[PDB]
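Peer 1: sequence below, structure please.
(chains A, B, C and D)
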Amino acid sequence: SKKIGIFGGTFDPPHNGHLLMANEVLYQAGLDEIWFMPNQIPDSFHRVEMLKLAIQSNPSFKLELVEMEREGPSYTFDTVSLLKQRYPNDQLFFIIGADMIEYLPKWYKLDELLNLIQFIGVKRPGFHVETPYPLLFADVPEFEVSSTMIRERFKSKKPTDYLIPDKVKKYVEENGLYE
Amino acid sequence: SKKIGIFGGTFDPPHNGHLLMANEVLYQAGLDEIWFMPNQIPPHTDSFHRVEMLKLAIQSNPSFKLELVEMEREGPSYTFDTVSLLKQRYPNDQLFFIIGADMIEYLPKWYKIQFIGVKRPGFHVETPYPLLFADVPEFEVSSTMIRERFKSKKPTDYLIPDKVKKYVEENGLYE
Amino acid sequence: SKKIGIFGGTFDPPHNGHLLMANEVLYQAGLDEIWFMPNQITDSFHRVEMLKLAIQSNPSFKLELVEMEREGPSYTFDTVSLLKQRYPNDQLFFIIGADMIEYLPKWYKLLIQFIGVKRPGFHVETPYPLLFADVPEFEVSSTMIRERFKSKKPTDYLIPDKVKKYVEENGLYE
Amino acid sequence: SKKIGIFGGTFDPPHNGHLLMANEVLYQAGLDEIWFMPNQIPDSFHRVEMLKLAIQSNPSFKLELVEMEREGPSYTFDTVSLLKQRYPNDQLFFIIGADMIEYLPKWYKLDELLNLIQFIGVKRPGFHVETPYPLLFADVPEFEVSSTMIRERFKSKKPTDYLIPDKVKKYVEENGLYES
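Peer 2: Numbering: from 1, shown residues only, chains lettered A, B, ... in the order given. The coordinates are given below.
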């Protein structure tokens, strides 16, 4: 019924590069929704709140907090397996860099995962990801912004305009984050 | 016990981007050798050809080696994947597999033997894995791009080793 | 005397790449204002309206139509000359791209100064004692955006929503 | 009679990125030769010897030392004017980054330089260049290598394999260069 694009990350904090990549994959892979799935380290409520603010304006974007759950999964196989059990009627896709598995030799563990859920490999306009694997590709325009660059900019008091949503910036300032 | 970097790929043909990445991983990760491992499709460029071009591409580098374990996974009743057969043959060595991290900012914990990520210098990557990276200078060259060049008669200089180009020519490969 | 960054362009349409580059030059080179200067040769009117919308939210950005007033019917000034003519005491900084090649030639015999823009980490050598602004890469252009509008592809996160809104209701870009 | 591509740089030292770019332009702009023109110091002996070594393998690559001459030109207009005078029957082209002039407003001093000689703008595959100016364009695969990175690698004792020609590395190490 629904084509869901699983989009993982730290989103510490979420930024324009995240929104851009998600929208491009959404359109290019003909998906219905993109689920922003924040990972967890064994703070979080701040990441959850900045994410909600970042995605608000895009009806096609959702927040998936399965990894935040008590005794929740963290390994992709487990996380994807649970989501498949919760949404058996939907078609799930997993987003990765198109080059993540380019240099790997034949590996059953990888194949098991690739057969569990349809992988979408993100790459820059043009460019070829050789190595044969079941993969849907999505060309996304390069936008060199990262959560780490953003954090240091806040710390060093450098501008963040056009790199992060205004609402995210406002939330960061009000909560004394990345000081 | 040696530190070995495993480099999978089709290598049709092998190019300077392959050589560069392998060498950077080799020194930045403090490894002893890099093993180039040509893959093969189930009959669905010929392998002996890709293997020959590889030998030529890595000749000049002593730390580079050709390994054909993916070409010998088939047993009379059981078939190993490349990773398991390698561990079988070299149980005492430290095998490092290479993971790309040049397109996305985050790397998922998709795997439950070590890994080395390769990204462009300056490119920030976050991941739950305590992973060591190798900052490889960007080199927008691929086998696909190279094949198109041979076919369309465009230059290949500085993109592929001269000996590999010579092989392609002496064997009429790539239209 | 202000420190003014001159930002030439076709801006049809203006996009987030333009705003980001301007903001970075503005701050990194410690300037007071950045002047977006549409070249003349989409009709000027629309490009001018889209530009106002694009820069509105940023106080340090200004629209300057001097390149559109270079004709005084007997003599035509080039933009640089009319600017010095109008603001002789201000410090005018022109922006030079240096993100494709390693070297920047001494092509100009140099009130007028230059600022180079390149990706962070990209090393540039030049005989010029030039200040560079490290602008994060953003692979977006006007041409690319026009094509997306024409083929009904997304433009979200690439251009300001107000610019997109203006394009749609004015039936611009087919 | 000859279509020449003027390729300026510090070439301190020359590396594979230079050779690649030059070959691509040559082919893409249908040129006959590419002239590597070392810029005047705002020593040179070593840069010149490495350049000779770097281009030896390509018959289409030539060395142009006009900026090295006593009382020689250093500004593009001056340099090009002298070269056009020395080679009146050939068609010269000047190589620059395609974005060099992308952000400049109408300027006659630039127009004058562009009419003096045909400019070629190098850029990455795809990605457009707005630029209300002549310019012939040449798409060149991105090869993230520069003379700065190389020098730092020699200093830090990092590998330079596949980044610079063997003969160049040989020259650097024989003359103990860049280990500052």
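
Peer 1: show me the strands in chain A, by range?
Peer 2: Using DSSP state E, the strands found in chain A span residues A:3-9, A:33-38, A:61-63, A:91-97, A:118-123, A:136-139.

Peer 1: helices or strands up against the fourth one?
Peer 2: When you say that, I think you mean strand A:91-97. Judged by 3 or more Cβ pairs under 8 Å, 6 or more residues apart in numbering or on different chains; DSSP states H and E, strand A:91-97 is in contact with strand A:3-9, helix A:76-86, strand A:118-123. Placement of C-beta: from N, CA and C, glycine included.

Peer 1: how many residues are close by the residue in chain A that chain B sits nearest to?
Peer 2: When scored by Cβ to the nearest Cβ, chain A has residue A:99 as its residue closest to chain B, at 2.9 Å. Residue A:99 has 23 neighbouring residues, counting by other Cβ atoms under 10 Å in any protein chain shown.

Peer 1: repeat that for residue A:68.
Peer 2: Neighbours of residue A:68 under the rule other Cβ under 10 Å: 16.

Peer 1: re the thing from before, could I get the strands of chain A as CSV with distance to residue A:16?
Peer 2: Converted to CSV, the strands of chain A look like this (distance: least, Cβ to Cβ, whole Å):
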stretch, distance to residue A:16
strand A:3-9, 14
strand A:33-38, 14
strand A:61-63, 13
strand A:91-97, 17
strand A:118-123, 16
strand A:136-139, 17
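
Peer 1: which one, of those, ends up nearest to residue A:21?
Peer 2: Judged by Cβ to Cβ, the one of the strands of chain A that comes nearest to residue A:21 is strand A:118-123, at 6.4 Å.

Peer 1: what about the closest one, near chain C?
Peer 2: No - judged by Cβ under 8 Å from any Cβ of the partner chain, strand A:118-123 stays clear of chain C, getting no closer than 12.2 Å.

Peer 1: one more: stretch A:49-64?
Peer 2: Yes - residues of stretch A:49-64 are located near chain C by Cβ under 8 Å from any Cβ, namely residue A:58.

Peer 1: that older thread, and the strands of chain A: which comes nearest residue A:76?
Peer 2: Shortest distance between residue A:76 and those, using Cβ to Cβ, is found for strand A:91-97: 7.1 Å.

Peer 1: export the closest one as CSV, just CAs?
Peer 2: Extracted C-alpha coordinates of strand A:91-97, given in CSV (Å, rounded to 0.1, in the frame of the first residue of the first chain):
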residue,chain,number,x,y,z
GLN,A,91,6.8,-1.7,0.9
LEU,A,92,9.9,-0.6,2.8
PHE,A,93,13.1,0.7,1.4
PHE,A,94,16.4,1.4,3.2
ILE,A,95,18.6,4.4,2.3
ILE,A,96,22.4,4.1,2.1
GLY,A,97,25.3,5.7,0.2
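
Peer 1: who in chain A is up against chain C?
Peer 2: Checking chain A against chain C by Cβ under 8 Å from any Cβ, the hits are A:16, A:19-20, A:23-24, A:27, A:58, A:124-125, A:141-145, A:149, A:158-159, A:161-163.

Peer 1: of those residues, which count as buried by neighbour count?
Peer 2: A:16, A:19-20, A:23-24, A:27, A:58, A:124, A:141-145, A:149, A:161-163 (16 or more other Cβ atoms under 10 Å in any protein chain shown).

Peer 1: restricted to helices, list these.
Peer 2: Those of those mapping onto helices are A:16, A:19-20, A:23-24, A:27, A:149, per DSSP state H.

Peer 1: would you list those residues in CSV and tack on distance to residue A:4?
Peer 2: Putting those into CSV (distance: Cβ to Cβ, whole Å) gives the following:
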residue, distance to residue A:4
A:16, 22
A:19, 17
A:20, 19
A:23, 15
A:24, 16
A:27, 15
A:149, 29
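
Peer 1: tell me how far residue A:50 lies from residue D:108.
Peer 2: To residue D:108, residue A:50 is 50 Å away according to Cβ to Cβ, to the nearest Å.

Peer 1: list the contacts of residue A:175.
Peer 2: Contacts for residue A:175 were tallied using Cβ atoms under 8 Å, 6 or more residues apart in numbering or on different chains; they are residue A:46.

Peer 1: next, give phi and psi for it.
Peer 2: Backbone torsions of residue A:175, given as degrees, to the nearest 10, read phi -100, psi 20.

Peer 1: tell me which of the helices and strands packed on strand A:91-97 sits most buried.
Peer 2: strand A:3-9 (a mean of 23; mean count of other Cβ atoms under 10 Å in any protein chain shown).

Peer 1: elements contacting that strand?
Peer 2: Under the contact criterion of 3+ Cβ pairs under 8 Å, 6+ apart, strand A:3-9 touches helix A:16-28, strand A:33-38, strand A:91-97.

Peer 1: next, the angle strand A:91-97 makes with the first one.
Peer 2: Angle of helix A:16-28 versus strand A:91-97, following axes from the mean of the first three to the mean of the last three Cα atoms, to 10 degrees, is 130 degrees.

Peer 1: please save the CA atoms from helix A:16-28 in CSV.
Peer 2: The C-alpha atoms that make up helix A:16-28 are tabulated as CSV, following Å, rounded to 0.1, in the frame of the first residue of the first chain:
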residue,chain,number,x,y,z
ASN,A,16,19.0,21.3,5.1
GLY,A,17,21.2,18.6,3.7
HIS,A,18,19.0,16.0,5.4
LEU,A,19,15.8,17.5,4.1
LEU,A,20,17.2,17.8,0.6
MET,A,21,18.5,14.2,0.3
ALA,A,22,15.2,12.9,1.7
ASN,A,23,13.1,14.9,-0.8
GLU,A,24,15.2,13.8,-3.8
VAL,A,25,15.0,10.1,-2.8
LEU,A,26,11.3,10.5,-2.2
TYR,A,27,10.7,11.8,-5.8
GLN,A,28,13.3,9.7,-7.6
